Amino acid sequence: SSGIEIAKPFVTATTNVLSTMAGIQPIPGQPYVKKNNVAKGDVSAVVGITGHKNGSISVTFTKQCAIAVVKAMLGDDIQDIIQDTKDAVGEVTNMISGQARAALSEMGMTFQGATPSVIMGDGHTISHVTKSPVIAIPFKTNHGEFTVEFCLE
């Protein structure tokens, strides 16, 4: 009904991508239906999906976690935080989209994926515009937290 029942493909994709690319040992918590109208954080990414239903996948990182991801993927010494954040988080997001949609296809649901966007600025908010509930999955890592959100309508 809410979409919480199909959280697994999104959670597994997120865990696998962050593990592989960043080595930050992501640990998902329990999915929940978001009751707040915003995700608040420091680096976010978002990518639309289309299919039998249309929706979106986002990830909102704490500053520490986004920095750790960028350092793990491109090296401890950060060349240009804006460009490297765009590139590293953008690739992570493309990979989460590809892997989550591959998992969904194996469950008989084909989705296409749009191009991601990366948002920066301390304490920005991102809000999904949808008639449906938004499902959030919080994560712990070795270097701070992030949350994955998705919706389908």
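In case it trips you up, residue 1 is the first one in the sequence shown, and so on.
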Would you determine, from the values in the PDB entry, which of 80-88 and 44-52 has the greater average C-alpha temperature factor?
80-88
Between 125-133 and 17-25, the record assigns the higher mean Cα B factor to 17-25
Out of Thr60, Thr93, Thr115, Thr110, highest CA B-factor residue:
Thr110
Considering only modelled residues of the same chain, in which third does the CA B-factor of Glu5 rank: lowest, middle or highest?
highest
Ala66's Cα B-factor: lowest, middle or highest third of the chain?
middle
